[PDB]
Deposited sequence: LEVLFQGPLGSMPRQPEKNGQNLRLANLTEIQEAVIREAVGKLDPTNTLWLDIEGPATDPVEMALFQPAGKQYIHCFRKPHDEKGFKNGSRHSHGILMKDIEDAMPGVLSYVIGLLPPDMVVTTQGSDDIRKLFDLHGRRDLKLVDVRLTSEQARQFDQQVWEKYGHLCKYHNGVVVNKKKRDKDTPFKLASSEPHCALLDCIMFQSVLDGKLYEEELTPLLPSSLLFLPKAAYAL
């Protein structure tokens, strides 16, 4: 349901992910029909990002994640269900459960620095950067390389 070109691009992007490093996954919208999905590796200063077909891309990405890898999210009740339905029971999930208040610690700085990648406002990619910043106790402000160019 994806063109072989799309599949080859996605495959190469996922292949550049390093399994030994933290990997964030965030989905905006219904699990079966996302509007946005983002994957973010702070240590490798890289991300995969795309908006509104989406279900095909998300499924293909899940199928390609490295074996037994730890995925970090801000809530994975449905992501767990998706993983499993796609034959990825081996993927491990961690939910970083910042309170609304905690998650806003670096909201404005992150929007200032990275808001152009998405342009009280929220997008999947920046949420991950914001949460990682809270964990680091300081603003994430590295230069980020997209791994997956807008098709």
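Residues 1-26, 79-103, 171-193, 226-236 of the deposited sequence have no C-alpha coordinates in the structure.
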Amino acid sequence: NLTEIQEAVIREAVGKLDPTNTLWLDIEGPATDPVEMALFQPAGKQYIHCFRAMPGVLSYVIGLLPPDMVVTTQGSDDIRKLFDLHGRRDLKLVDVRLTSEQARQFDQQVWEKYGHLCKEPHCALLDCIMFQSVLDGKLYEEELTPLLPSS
From here on, numbers count along this sequence of modelled residues.
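According to the PDB record, 6-14 carries the higher mean C-alpha B-factor of the two stretches 6-14 and 125-133.
On average the C-alpha atoms of 57-65 have higher B-factors than those of the other stretch, with 57-65 and 90-98 being the two compared. Across the options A31, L85, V70, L39, the residue with the most elevated CA B-factor in the record is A31. Among the modelled residues of the chain, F51 sits in the highest third by CA temperature factor in this PDB entry. When the CA B factors of the chain's modelled residues are split into thirds, the value for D26 lands in the lowest one.
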